[PDB]
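Take a look at this single chain in C-alpha cells; it is the form deposited in one PDB entry.
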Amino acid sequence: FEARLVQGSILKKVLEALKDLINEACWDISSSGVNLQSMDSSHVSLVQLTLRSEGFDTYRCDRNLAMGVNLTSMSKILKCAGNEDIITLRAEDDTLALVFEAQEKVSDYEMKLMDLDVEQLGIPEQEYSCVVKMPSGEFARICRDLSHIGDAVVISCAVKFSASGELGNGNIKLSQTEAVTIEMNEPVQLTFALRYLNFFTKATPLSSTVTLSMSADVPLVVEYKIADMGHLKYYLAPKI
C-alpha cells in the first residue's frame, strides 16, 4: 500500500475533523480507496470517511489493510506538515508511515499502529423528509452561537434552529435562496446534542457547503464533500 496525495492539506483537515470526536478508528485501506468508519465512545454518532483512489495521485494497494490508527497520534504527526506539503502514505503488510515534501525540506514520520478489528456496518442511503444545503460557515456559527444558549438544538423544516436554556432561548430562521437550498417531502422536527454538532463542524475547512438530512426514522446526516475525492458523513441520533 502507498498513496501519494498532492495537496496534503486535505489529509490534515480530515484528521483535524476526526480527532475531537473519536480517538481511534479502523482505517480500511482497499483497492477502491481509503474508507473509514467509527463511532464515538458513547455511540451517539458515527463518522464515515471516504477518500477514493482516483482523487489520489499514484495510489497502489496489494492487500486489504484493517489499520488501527490512533487518531490523536496521527493528528499530532499530521501537524508537522505545512499546508502545501505533498503527503504520501506507505504501509506494508503493523506500523504506518507518512511522508511530507515541498522541494527542499522532506520529512518521514512513522506511526506505530494498533490492533483495532471491528468490522464495518453496511450503511445504505435512507430517505429523508427534509434536506438542507447551506454554507458550512453559516452552519458552524449557528451551532456555536446556540450552544451558548442551551445544550440541545431543535431543527425544523417549513428551516429553523432553536435552543432553550437557563438565560432564555433563541432561534435562527433560514430561508431558501453561497446558496441555501431546502428539499422537503414532509415537515420534520428533531432535537440534537450541540456537543456533537460542534464536533462535526470541525470539518468546515474541507468544504464551503454542508448538507443536513433529517428524518424521524433515521439519524441526522451532516455531510461535507471532500471535493474530487470523497466526503465526511456524520450521523447523529436524536435526544429523547
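Rigid core here is just the name for the largest C-alpha set that superposes within 1.5 Å across the two forms. Quick note: we count residues from 1 along the sequence shown, nothing fancier.
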query = From residue 102 on to residue 103, does the model leave out none, 1 to 3, 4 to 9, or 10 or more residues of the deposited sequence?
reply = 1 to 3
query = According to the entry, are there none, 1 to 3, 4 to 9, or 10 or more residues of the deposited sequence without coordinates between residue 158 and residue 159?
reply = 1 to 3
message = On mean Cα temperature factor in this entry, is 38 to 46 or 182 to 190 the higher one?
response = 182 to 190
inquiry  = Test of understanding: from the entry's C-alpha B-factors, which stretch has the higher mean, 110 to 118 or 130 to 138?
reply    = 110 to 118
query = Quick one: which of 170, 124, 82, 150 has the biggest Cα B-factor according to the entry?
reply = 82
request  = Could you check 198, 204, 211, 32 and tell me which one carries the biggest Cα B-factor in the deposited entry?
outcome  = 32
query = For residue 91, does the deposited CA B-factor place it in the lowest, middle or highest third of the chain?
reply = highest
task = Compare the C-alpha B factor of residue 98 with those of the other modelled residues in its chain, then answer lowest, middle or highest third.
result = highest
note = So, residue 233's CA B-factor, relative to its chain, sits in which third? The lowest
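Note that the form deposited with a partner chain bound isn't included here; everything after this is about it.
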message = Each of 42, 45 and 120 within 4.5 Å of the partner chain in the deposited complex, by any heavy atom, yes or no?
response = yes
request  = Indicate whether residue 1 is a 4.5 Å heavy atom neighbour of the partner chain in the deposited complex.
outcome  = no
message = Is it the case that residue 6, even though its partner is missing from this view, gets within 4.5 Å of the partner chain in the deposited complex, heavy atoms only?
response = no
inquiry  = Since only the chain is shown here, I'm wondering whether residue 61 would be in contact with the partner chain in the deposited complex (any heavy atom pair within 4.5 Å).
reply    = no
key: Sole residue of 84, 119, 108, 145 shifting 2 angstroms or more in CA between this form and the one not shown, core aligned   = 119
note = Shown form as baseline, in the deposited complex, CA residue 52-residue 122 shift of 3 Å or more puts them farther
